[PDB]
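Chains as they are written, first to last, in the entry's author numbering: chain A, 391 to 542; chain B, 442 to 542; chain C, 103 to 306; chain D, 52 to 153; chain E, 48 to 102; chain F, 205 to 255; chain G, 307 to 314, 348 to 390.
Every residue, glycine too, gets a C-beta built ideally from N, C-alpha and C.
Before any comments, here is the structure.
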Ligand SMILES: [Ca+2]
């Protein structure tokens with residue numbers, strides 16, 4: 391029937407927890423395998439973590455209340471144009487509401503090898519999984535402490 | 442990534458005053474009188490299975506010295522098998538040196 | 103900045119190195135932006151109703167039951183970020199917000215909307231014997247988003263994510279046979295419901 | 052000590068990241084009609100001039116005259132319904148009365 | 048103590064030595080566009096870097 | 205405003221949340237329930253002319 | 307009946356409320372389907388493609 395064709399999962403308001411690739415790149419020697427370029431979309435990724443978009447949940451108290459307002463007979467919201475057709479009735483509200491909400495995220499990506507010369511103006515770029523500009527991006531401060539390793 | 446949250450069911454007493462005012466029956470309370478068979482009280486505190494995403498470090502490990510352009514990853518469940526409630530799972534790993542020949 | 107640009111921070115050598123990049127970032131994503139495709143979606147509704155060219159009586163009730171028409175539609179939403187449900191209705195509106203425009207004007211009945219997202223366990227109020235819903239009510243309870251269909255009408259998400267919101271997802275999440283037609287929801291037909299009153303009157 | 056070089060930074064050493072994704076666009080297409088997200092596979096070679104497949108062949112070459120390892124951090128999300136059947140938050144046994152007479 | 052012969056490599060053949068060709072074209076597609084509204088074919092200029100990821 | 209013939213009618217600048225238009229309808233090309241259905245959606249600023 | 311005296348019906352309403360009870364104006368406009376009260380939301384979300 392479909393229990394096979396598909397699967398029952400929970401409600402994600404985030405509806406799609408996505409990741410995003412961070413990539414400043416006139417600093418890091420570029421990880422392995424990335425080719426160097428200057429085509430905003432590629433950009434050799436320096437590090438990646440997922441969206442600062444997560445979900446919170448609360449208990450909708452407005453649970454039963456409505457059962458007693460359209461039962462007392464009153465005005466109709468564009469939401470319940472069919473206050474009688476059991477079928478067409480503004481679906482019950484759930485016990486638990488969910489809300490896409492973003493928090494800010496502080497993350498460490500590791501340590502990376504960087505060129506030995508940086509132009510006074512590094513350019514940074516946060517890429518989205520389909521590698522592109524995400525403009526819901528607020529403010530993003532990256533800082534990085536060089537450190538030594540190896541030797542010639 | 443399956444943990445539990447908890448909240449205080451306010452619908453605590455309310456029901457005590459609805460089936461006491463005499464009204465419709467839910468398939469849940471077919472026995473609104475047999476003290477015994479009555480849709481058990483609701484608890485003060487409700488609990489809800491909810492999954493969050495989890496970011497974790499597993500440590501550092503020794504890896505072969507050659508990787509095929511296509512690594513395959515697999516999340517196994519305790520009875521070692523595929524769990525399909527698995528959403529999206531991005532693992533990243535930074536090699537690093539140790540030892541020497 | 104410019105002039106600076108030129109000059110150089112000079113990490114040195116006779117030994118290369120790297121750095122530890124920590125990083126702070128914030129965002130304001132509206133659960134239903136279009137950019138994340140928490141905006142669009144496809145599905146098809148009824149758009150026409152008639153009978154081949156002659157209006158009434160013998161089939162006056164039956165005539166109405168003789169010609170239906172369907173069409174695929176990509177309808178959208180008003181960006182924002184909403185409560186679990188909210189989202190629903192929005193579509194469960196804009197789905198209507200299509201009908202209205204075309205259904206009325208073409209003999210389509212609200213009866214045959216044919217596509218209504220919704221949470222609820224139609225069938226819970228069942229009973230074995232009547233093989234119906236004894237309380238004359240799909241006992242109004244939220245269980246988990248669900249999409250109800252009529253015949254022919256369906257819903258395709260392919261081009262959207264809300265799906266993941268409807269906590270309903272393909273089992274091989276990597277292709278596209280993904281659309282949902284009356285046809286697939288086998289056995290999952292609503293029960294029908296029962297007549298209370300009548301049952302009562304004739305209670306004696 | 053003839054050395055033709057230029058930009059395309061020396062296939063570098065000392066540590067780099069290894070991005071291990073699974074919903075990178077070509078991968079899906081070519082390798083995961085297969086199955087889900089519990090396992091799948093992914094090209095790790097991030098070069099776009101390659102079909103996962105071909106890539107597959109080529110090699111990331113961590114080197115030697117000294118072996119090593121890596122630090123694997125990892126992100127993962129899931130949607131488990133408290134009462135799925137797979138976790139047996141679905142079934143159960145018990146016995147009831149089924150007959151009465153004299 | 049950590050000294051190294053740590054070598055991350057892979058395909059993308061070692062920027063190689065010993066002799067290679069240098070292709071010096073003038074009607075390569077981008078070149079025109081960007082540099083030769085200028086003048087003709089007696090002189091013009093051309094990128095010699097054959098990488099397509101570059102203006 | 206008061207002191208200079210300005211009408212509350214023409215306030216002209218009112219922040220507010222609400223989806224004026226939700227109660228729309230195609231045909232009337234209006235809001236059938238005689239009400240900008242009182243619902244919070246997201247801050248919004250309404251203007252008059254010039255303001 | 308205010309609707310059977312005009313066929314000799349359904350007109351009844353084209354009249355988009357003009358001003359509220361306290362008589363505050365809704366500066367409706369001509370056409371009577373659009374009050375010159377503009378709002379951020381709508382425009383963006385509801386009406387202007389890319390302009
Ligand atoms: Ca409360």
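Exercise for review: Note down, in chain order, all residues in the segment 120 to 142 of chain C with a beta-carbon under 9 Å from any beta-carbon belonging to chain D.
Suggested key: Taking 9 Å as the Cβ-Cβ cut-off against chain D, the residues of the segment 120 to 142 of chain C that qualify are 120.
Check your understanding: What is the residue span of the alpha helix (DSSP H) that residue 196 of chain C lies within?
Key -> Counting along the chain, residue 196 of chain C sits inside the alpha helix (DSSP H) bounded by residues 186 to 196.
Check your understanding: residue 475 of chain B: which of B/502, B/460 and B/485 sits nearest, CA to CA?
Key -> Residue 475 of chain B has its Cα closest to that of B/460, out of B/502, B/460 and B/485.
Exercise for review: Starting from residue 423 of chain A, find everything on chain E with Cβ-Cβ shorter than 7 Å and list it in chain order.
Suggested key: Residues of chain E passing the Cβ test: 57.
Check your understanding: List, in order along the chain, the chain A residues whose C-beta lies closer than 8 Å to that of residue 215 of chain C?
Key -> Here the neighbours are 478.
Practice item. Give me whichever residues DSSP pairs with residue 145 of chain C in a beta bridge. Key: The secondary-structure analysis by DSSP pairs residue 145 of chain C across a beta bridge with C/175 and C/257.
Practice item. Pull up the CB-CB distance for residue 534 of chain A and residue 412 of chain A, whole angstroms please, since I reckon it's below 8 Å. Key: Contact doesn't hold; Cβ gap of about 11 Å is too wide.
Practice item. Give me the Cα-Cα distance between residue 214 of chain C and residue 467 of chain A, rounded to the nearest whole angstrom. Key: Computed Cα separation, rounded: 21 Å.
Review point. Along chain C, in chain order, which residues have C-beta atoms closer than 7 Å to that of residue 384 of chain G?
Key: The contacting residues are 180 and 181.
Check your understanding: Less than 8 Å separating the beta-carbons of residue 221 of chain C and residue 191 of chain C?
Key -> Between residue 221 of chain C and residue 191 of chain C, the C-beta gap is not smaller than 8 Å, which leaves the two residues out of contact.
Practice item. Compute the Euclidean distance between the alpha carbons of residue 115 of chain D and residue 128 of chain C, then round it to the nearest angstrom. Key: If you draw a straight line from the Cα of residue 115 of chain D to the Cα of residue 128 of chain C, it is about 41 Å long.
Point to revise | Reference residue 183 of chain C, options C/136, C/265 and C/122, closest by Cα | key: When only C-alpha atoms are compared, the closest one is C/136.
Review point. So is the beta-carbon of residue 243 of chain C under 7 Å away from any non-hydrogen atom of ligand 1?
Key: Checking the 7 Å criterion, the Cβ of residue 243 of chain C is out of range of every heavy atom belonging to ligand 1.
Check your understanding: residue 53 of chain E touches chain B at which residues, Cβ-Cβ below 9 Å?
Key -> Below the 9 Å Cβ cutoff, chain B contributes 538 as neighbours of residue 53 of chain E, in chain order.
Point to revise | Any C-beta of chain F under 8 Å from that of residue 355 of chain G | key: Against chain F, the CB of residue 355 of chain G has a partner CB under 8 Å away; the residue lies at that interface.
Point to revise | N-terminal and C-terminal residue of the alpha helix (DSSP H) that residue 220 of chain F is part of | key: No alpha helix (DSSP H) holds residue 220 of chain F; the beta strand (DSSP E) holding it covers 217 to 221.
**Study point:** Identity of the residue in B/510, B/456 and B/500 nearest residue 537 of chain B by Cα
**Key:** In this structure, B/500 is the residue among B/510, B/456 and B/500 with its C-alpha nearest to the C-alpha of residue 537 of chain B.
Check your understanding: If you pair each beta-carbon of the segment 144 to 162 of chain C with each one of the segment 201 to 214 of chain C, do three or more pairs fall below 8 Å?
Key -> The segment 144 to 162 of chain C vs the segment 201 to 214 of chain C: in contact.
Review point. Hey, which residues come within less than 6 Å of ligand 1, measuring from Cβ to any heavy atom, in chain order?
Key: Ordered along the chain, the selected set is A/451 and B/451.
Review point. What is the residue span of the beta strand (DSSP E) that residue 492 of chain A lies within?
Key: Per DSSP, residue 492 of chain A belongs to the beta strand (DSSP E) from 486 to 492.
Point to revise | CB contact check: residue 247 of chain F to chain A, cutoff 8 Å | key: Among the residues facing chain A, residue 247 of chain F is not included, as its CB has no counterpart in that chain under 8 Å away.
Review point. Buried or exposed: where does residue 253 of chain C fall if 16 or more other Cβ atoms within 10 Å of its Cβ makes it buried?
Key: Exposed.
Review point. When DSSP builds the beta bridges, which residues end up paired with residue 439 of chain A?
Key: Paired residues: A/410.
Practice item. Could you check if residue 265 of chain C is buried or exposed, using at least 16 other CB atoms within 10 Å of its CB as the buried criterion? Key: The residue is buried, with at least 16 neighbouring Cβ atoms inside 10 Å.
Check your understanding: If you drop the 5 nearest sequence neighbours on each side, which residues of the same chain put their C-beta closer than 6 Å to that of residue 110 of chain D?
Key -> Here the set comprises nothing.
Practice item. Determine the extent of the beta strand (DSSP E) in which residue 106 of chain E is found, giving its start and end residues. Key: This structure does not reach residue 106 of chain E, given that chain E is present from 48 up to 102, and the question cannot be answered.
Review point. Going along chain E in order, which residues have a C-beta closer than 9 Å to the C-beta of residue 541 of chain A?
Key: Within 9 Å Cβ-Cβ: 49, 50 and 51.
**Study point:** contact_flag[the segment 443 to 451 of chain A, the segment 420 to 429 of chain A] where n(CB pairs < 8 Å) is 3 or more
**Key:** Between the segment 443 to 451 of chain A and the segment 420 to 429 of chain A, the count of Cβ pairs shorter than 8 Å is below three; the stretches do not touch.
**Study point:** the segment 282 to 294 of chain C in contact with the segment 426 to 440 of chain A per 3-pair CB rule at 8 Å
**Key:** With a cut-off of 8 Å, the segment 426 to 440 of chain A and the segment 282 to 294 of chain C do not count as touching, because too few Cβ pairs lie within range.
Exercise for review: Count the CB pairs spanning the segment 87 to 97 of chain D and the segment 484 to 497 of chain B that are closer than 8 Å, and state whether there are at least three.
Suggested key: The segment 87 to 97 of chain D, when compared against the segment 484 to 497 of chain B, does not touch it at the 8 Å Cβ threshold.
Point to revise | Opening and closing residue of the alpha helix (DSSP H) in which residue 309 of chain G lies | key: No alpha helix (DSSP H) holds residue 309 of chain G; DSSP gives it neither H nor E.
Review point. Buried or exposed: where does residue 133 of chain C fall if 16 or more other Cβ atoms within 10 Å of its Cβ makes it buried?
Key: Taking every protein chain shown into account, the CB of residue 133 of chain C has 16 or more other CB atoms within 10 angstroms, so this residue is buried.
Exercise for review: Output, in chain order, the set of chain E residues within a Cβ distance shorter than 7 Å of residue 427 of chain A.
Suggested key: Those within 7 Å of residue 427 of chain A in chain E are 100.
Check your understanding: Taking Cβ-Cβ distances shorter than 9 Å, what residues in chain C pair up with residue 84 of chain D?
Key -> Within chain C, the residues near residue 84 of chain D are 274, 276 and 277.
Review point. Residue 94 of chain E CB to nearest chain D CB: under 8 Å?
Key: Not one chain D Cβ lies under 8 Å of residue 94 of chain E.
Exercise for review: Report the option in C/209, C/286 and C/245 whose CA atom is closest to the CA atom of residue 484 of chain A.
Suggested key: Considering only alpha carbons, the answer is C/245.
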